[PDB]
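A.B. asks: Here you go, one structure.
2 protein chains.
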Amino acid sequence: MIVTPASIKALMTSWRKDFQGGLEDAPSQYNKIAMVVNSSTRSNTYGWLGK
Amino acid sequence: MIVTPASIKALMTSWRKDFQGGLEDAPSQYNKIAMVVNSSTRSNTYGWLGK
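Shown next, in the form of structure tokens:
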């Protein structure tokens, strides 16, 4: 039996990438309650007329 | 009545291979809760990056 040191025995591992994405984020569900509007300048102004 | 010895009349039986199966063992159901990876050294090292 060859008495190898501790560091050499610790280097004798194989790298596996099964844990790559970590834990996935929660589902996205903001489109159900919000209205999406695109702005083109410094700010948007909205205006409506009373009855 | 013919007096046959016990050694001759002990051969007067029928061999049946009906118990050959025996008692079956429990089902394998480790594939629903575990993931199978391979290895090629003393151990396996897994690493992932944070968010």
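If you read the protein sequences in the order shown, they are chains B and C. Position 50 (the first sequence) corresponds to 50 in the entry's author numbering; numbering is contiguous. Position 26 (the second sequence) corresponds to 26 in the entry's author numbering; numbering is contiguous. Every residue gets a Cβ at the ideal spot worked out from N, C-alpha and C, and that includes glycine.
Can you tell me which of the three DSSP states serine 7 of chain C falls into?
C.D. replies: It is helical.
A.B. asks: Tell me, please, whether the CB atom of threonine 45 of chain B is closer than 8 Å to any CB atom in chain C?
C.D. replies: No, no contact with chain C.
A.B. asks: List the residues of chain C whose Cβ lies closer than 8 Å to the Cβ of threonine 13 of chain B, in chain order.
C.D. replies: Those are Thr41, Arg42, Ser43, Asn44 and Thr45, listed as they occur along chain C.
A.B. asks: DSSP three-state label for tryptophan 15 of chain B, please.
C.D. replies: In this structure, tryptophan 15 of chain B counts as strand in the three-state DSSP scheme.
A.B. asks: Would you check if there are 3 or more beta carbon pairs closer than 8 Å linking the stretch 1 to 9 of chain B to the stretch 12 to 24 of chain C?
C.D. replies: At 8 Å Cβ cutoff, the stretches do not touch.
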